[PDB]
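One chain is shown next in C-alpha cells, namely the form deposited without the named molecule.
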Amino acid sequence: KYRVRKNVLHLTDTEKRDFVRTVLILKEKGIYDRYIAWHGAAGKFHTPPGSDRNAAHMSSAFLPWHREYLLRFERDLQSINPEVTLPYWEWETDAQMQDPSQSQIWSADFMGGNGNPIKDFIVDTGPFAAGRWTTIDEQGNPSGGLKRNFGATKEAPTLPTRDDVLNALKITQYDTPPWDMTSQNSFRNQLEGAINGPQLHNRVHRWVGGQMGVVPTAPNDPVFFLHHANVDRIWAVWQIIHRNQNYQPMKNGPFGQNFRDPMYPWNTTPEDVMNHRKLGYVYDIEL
C-alpha cells in the first residue's frame, strides 16, 4: 500500500518535473527501450499460434500482463528516485472538457502537446519533443521522433466517458469463453474496448494517434504508461467491488491465458499480480 499512484491532475509542478526527469534517465540508460521491445514481443506471441489472441492483447491476460508491465516499470523508476511513483491519466474526466486537448497533462512541463501537422504530426513541444527524445520502430531501429494526432480519426473522435467507465464496472464476469475479441459480458473485453469498438482502452489509443495509434509502437509515448495506469486503476476498482469474482479462465483456456500460466515474455502469472496492494502500490482514490 506504500507506493501511492496519483491522478496526473493532482501532481505538484515539482512532482511533474521529477517524473519526467526520471523517465528521461530510464531512456538515457537503455532501460526504457526494454519496455518497448517487451510489448512488441508479446504481440507476436499468439495463443495458440495462428490465433488472433496474443500474450498481452485480445484475451484474458490483457489486464494482468499490463499490470505486471507497469509494476516492473515503476520499480525501475523507483531505483532512480524512490520518491517517484507512476501517475495515472484519468481520461474520462478530460473527456468532460469542452476541449480535452487543453488538458494540463499535455503541458510543456509534462507530456508536451499535440503533433505539428506541418511536420507530419511530430511532437514539437515538451520534454519528449523531436530532438530531445528518439523513437524506435518495430524492428528495433531509430524511427525519428514522437508523433501525436488527437481525435483525428472518425471512429475515435472523443475520449471514453465517465459513464463508459461506470458501465464497464457493472459487468459481473471477469472474462468469458472463447476468451477473445468476441467475448460478451466480459469485463476484460469491455475495458479493452472491443465491444462495438473502439471503446475505452482501444479508443484512447486511437484518439491519441501517432505511435500510440499503433499497438506495437505505443510505448514510445510515455503517456502509454499513464494511460495504462488508468486502465489498471479501473480494474483494481472492479476487483474491490466484485470481491468474489476471480480471474477467468482458471484453466482449459489457451496456454498463456489461464490463471497459472506464465505471461510471455515473463514467468509471471495472472495469479502473481491479482492483488495489486500485495505488489506494493495503491491508488489515491482508495484513501
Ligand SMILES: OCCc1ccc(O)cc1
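Numbering starts at 1 and follows the sequence shown.
If you average the C-alpha B-factors over 197-205 and over 130-138, the higher value belongs to 130-138.
211-219 and 75-83 differ in mean CA B-factor, and the higher of the two is recorded for 75-83. The entry assigns its greatest Cα B factor, within the set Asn149, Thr161, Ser103, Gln173, to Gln173. When all modelled residues of the chain are sorted by CA temperature factor, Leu26 is found within the middle third. Among the modelled residues of its chain, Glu192 has a C-alpha B-factor that falls in the lowest third according to the deposited record.
In this PDB entry, the Cα temperature factor of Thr14 sits in the top third of its chain's modelled residues, the highest group. For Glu68, the recorded CA temperature factor ranks within the lowest third of the chain's modelled residues. Per the PDB record, residue ranking by Cα B-factor puts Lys44 in the highest third of the chain.
Unshown form solved in complex with the named molecule; subsequent notes refer to it.
Residue in contact with the named molecule in the deposited complex (any heavy atom within 4.5 Å), chosen from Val215, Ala95, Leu86, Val165: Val215. Not displayed here, the named molecule is approached by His57 to within 4.5 Å at the level of heavy atoms in the deposited complex. By the criterion of a heavy atom within 4.5 Å, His39 is counted among the residues contacting the named molecule in the deposited complex. With a 4.5 Å cutoff on heavy atoms, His201 counts as touching the named molecule in the deposited complex. Residue heavy atoms within 4.5 Å of the named molecule in the deposited complex occur in exactly one stretch of 24-32, 244-252, 258-266, 215-223, and that stretch is 215-223.
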